[PDB]
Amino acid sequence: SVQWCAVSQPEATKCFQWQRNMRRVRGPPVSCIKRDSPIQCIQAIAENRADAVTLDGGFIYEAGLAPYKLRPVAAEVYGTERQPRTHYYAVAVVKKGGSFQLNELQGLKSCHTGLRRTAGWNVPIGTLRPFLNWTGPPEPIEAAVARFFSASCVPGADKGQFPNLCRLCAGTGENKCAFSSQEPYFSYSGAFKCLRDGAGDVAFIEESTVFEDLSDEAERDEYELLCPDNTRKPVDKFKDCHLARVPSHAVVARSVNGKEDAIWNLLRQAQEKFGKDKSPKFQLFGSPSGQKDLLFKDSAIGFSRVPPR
């Protein structure tokens, strides 16, 4: 069977429920393996301890490098069944009423989904590069960001080398600034909560986050986006106001003996049986109260296969 790699107990738990349900409906079998970080899972898959894992774009390049050499086999699909899309938007969310624009963020507080992730780090820092006063290697980019923002929460950052990059995180004790759900400000929802609670002045997340977390349209009106043309616009205008349009998270696997065809068969059948509003028993794209993005993004509605190689 296809062995899936989880990066936490909540994921492992969902993975076992997935296995039990696939069995129940006589569908393709799936097995589970528990690890602790995206990288550990990359390793497991490289040495045949696992077969697949879903990763944010920022980790795709890494996993594709040696020795690992893993490649994407299926991409998450977002939007609606009506208008499917294999991309999402990296946006900058701020509270309505401020006057500062994208070029005036020096000294403020920031909330990021996590270190090395696309919408939360790679795109934002790449955009702010000209304001960072970064000399370049051998200086870590984190040092330049640490002295740009007053304080922030960047899960995964080295609390010892860059103390203020972890200062705004709300994790408890040793789980503070952790690159996992043990840190409340981790991932899209986590970063957005970091803004809502008032810890930060800007959240670097995706366009659908504000609509998922805040159902009441009245509440969404107290948030704005920072557009790269140094203007501010409503949250529903992300298409004319984003930092970048980025490729969706993807399921990766070994380019050699990757069981790519099995993995695709598992996903196509899982999507059809347990996709959006498909089953009251199990949701492939959902999580129990208090959890977010377990295995796959909660905003995903299906999968799209990547071209043969």
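Note that residue numbering follows the sequence shown and begins at 1.
- Set 212 to 220 against 93 to 101 and average the Cα temperature factors; 212 to 220 ends up higher.
- Legend: mean Cα B-factor per stretch from the PDB entry, 283 to 291 versus 21 to 29; the higher mean is in 283 to 291.
- The residue among 116, 112, 71, 109 whose C-alpha carries the highest B-factor in the deposited model is 71.
- The residue among 127, 189, 180, 135 whose C-alpha atom has the highest B-factor in the PDB entry is 135.
- Looking at the C-alpha B-factors along this chain, the one for residue 142 belongs to the middle third.
- Per the deposited record, the Cα B-factor of residue 247 falls in the lowest third when ranked against the other modelled residues of its chain.
- Ranked within its chain, residue 272 lands in the middle third, by CA B factor from the PDB record.
- In the deposited entry, the Cα temperature factor of residue 47 places it in the highest third of its chain's modelled residues.
- Residue 155: CA B factor lies in the lowest third for its chain, per the PDB record.
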